[PDB]
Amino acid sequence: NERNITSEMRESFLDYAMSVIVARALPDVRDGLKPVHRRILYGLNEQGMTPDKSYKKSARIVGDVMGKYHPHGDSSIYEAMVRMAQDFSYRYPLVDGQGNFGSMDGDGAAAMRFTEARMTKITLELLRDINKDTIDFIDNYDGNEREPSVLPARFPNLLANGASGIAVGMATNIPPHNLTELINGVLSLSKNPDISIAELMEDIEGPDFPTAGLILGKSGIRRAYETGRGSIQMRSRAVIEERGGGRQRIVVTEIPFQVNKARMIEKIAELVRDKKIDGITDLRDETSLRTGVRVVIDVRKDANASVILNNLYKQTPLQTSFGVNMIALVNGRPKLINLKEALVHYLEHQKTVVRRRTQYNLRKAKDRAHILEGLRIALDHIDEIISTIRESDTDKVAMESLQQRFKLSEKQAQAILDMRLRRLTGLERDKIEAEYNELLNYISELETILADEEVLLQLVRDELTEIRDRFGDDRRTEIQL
C-alpha cells in the first residue's frame, strides 16, 4: 500500500546501524574478531590451510569466503586478510603470506591473483578444538553452510592485536598488547577474582605496538584501562648523532603505530619547503630489509638539533596520539569496557571452551569404548559370530541374531558386521584390546576434570602457560616516564 516517510527512515536506518555494530565493525570480546576475520580464519581452517601445508593462492581463499560465509565484496575481504599478515599491522600476525603484502609507505599489496597465504602457528591456537563442540555454530546467510559464532581463541586475541572500527553512532580503538603480560594478567585474575586494575597493571604495563617506539607516561594508560577511554602519547625512536666536522644529524629507527612513513616524510619535506621549520639541510630514507627503518635528517652546522627534534615532535606525526576507546561486543551488544572486564570475559570464555571440550571428549570416548566392548565380544566368540552370520539371509537378520545372541546394541552389532577379515590377525586383536585399555584410563582422566571446577580451572592455567612459554615475546614499545 503506502509508507510514512518518517517511519520508514526510523525502521531502515535502525536496521543498518545494528547490522554495522553487530555483524560488521565491532569485535567480539571473546575472540576479539570481527565477522570478516572470523570467516577468513574459519575458512583457512575448513580449507586445511595450516602452517605445515604449502600456501594457496589468495583468490581461491577469498573466493571460498565470499561464497560460503561472507556475502560482500572480495576487496573488503582480501584487504582485511592483508592486514592480518603484516608484522607492522598485527602484533601477533594471524596469516602467513607469500608475495608483496605492503609496506609502511602506505604501500598496497599485490593483486590477490598473485599473493598466497596460509595460517600462522598462533592462528592454530585461535582455532584449536573448534571441531569439538566448544563453540556454537550457526547457519550462514543462505542456509547452505554452517559457521562459528565465535572461536575457541586459546589466547587473548582482542587485547593482543587490538582493534579499530568506525561503527554507526560509535567507534572502537583498542591498542595491541604483549602476550606474555596479558596471559600473566589473566593468570593473576584467575587466582583472585577481586584483583584491582591497579594490581593488574603490575602485569600489563601498557600497550605494545608491533612497530615499537615510545610511550610518554602512564596517566593516559591508567585512565584508558580503568574507564575504557584514554589518550596515549606515542613518539618515534630518534637519536642525535654526529656525521662529521661538527655537523649533526637525526636518525629515526622506529615510528608510531599506524603512521604512514612516506606520508610523514612528505610532511617533513613540506614543512621545509614552506620554511615552517629551521636548520634542516638534508632528509633521506635509508631504509632497507637489511638495516630496517632509518630516516636521517642532516642538521645545518652549529644548529641545535635537539631544538629541531622537539619542533618535529610538535609539527609532524613523529609524535602521535592514540585515542583508546574500548568498545566491544559483550553478549551480542556493544559495551565500553575497562581492562579487568575485558579479561574477565575472556576467562569465562576459556572456562566454557575447556569444559565443553572435556564433555565432548568424554562422550566420544564412551562411544568408542562401547564399540570396542562389542568387538572384544566378537573376538571372544568368533566361532559363534561367524555361525550366526553364515546362518542368515540378509544384513538385518544377521544384525538381529547378533543383538539377540550376544546381548549387543545395534551400533555394536553393526560394528561387528563392518569389521574386515584382516582385523582377525594376531596384531589387530591386540590393537583393539590396547585401544580399550587406554580409552578406559582416558575416560577416567576426563571424568576427574569434570568432577571438580578447581581441576578444570587449573587445566586452563596450564594450557595458557604453555601458550605463553611458546609464543610469548619481549616488550617492544618502551614506556618512558
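Just count from 1 along the sequence shown to find any residue number.
Participant: Using the B-factors recorded in the PDB entry, average over the C-alpha atoms of 34-42 and of 50-58, then report which stretch comes out higher.
Facilitator: For C-alpha atoms only, the mean B-factor is higher in 50-58.
Participant: Looking at the deposited entry, does 144-152 or 102-110 carry the larger mean Cα B-factor?
Facilitator: For C-alpha atoms only, the mean B-factor is higher in 102-110.
Participant: Tell me which of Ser409, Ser231, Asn184, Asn161 tops the list for C-alpha B factor in the record.
Facilitator: Going by the entry's C-alpha B-factors, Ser231 comes out highest.
Participant: Between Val272, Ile371, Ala117, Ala262, which one tops the list for Cα B-factor in this entry?
Facilitator: Of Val272, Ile371, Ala117, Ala262, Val272 has the highest C-alpha B-factor.
Participant: Among the chain's modelled residues, which third holds the C-alpha B-factor of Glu241?
Facilitator: Its C-alpha B-factor belongs to the lowest third of this chain's values.
Participant: Select lowest, middle or highest to describe the third in which the CA B-factor of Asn173 falls within its chain in this entry.
Facilitator: Bottom third by C-alpha B-factor.
Participant: Would the CA B-factor of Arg290 place it in the lowest, middle or highest third of its chain?
Facilitator: CA B-factor rank for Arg290: highest third.
Participant: What third of its chain, lowest, middle or highest, does the C-alpha temperature factor of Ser19 fall into?
Facilitator: According to the entry, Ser19 has a C-alpha B-factor in the chain's middle third.
Participant: Quick one: classify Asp282 as lowest, middle or highest third of the chain based on its Cα B-factor.
Facilitator: Its C-alpha B-factor, which the entry lists for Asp282, ranks in the highest third among residues of this chain.
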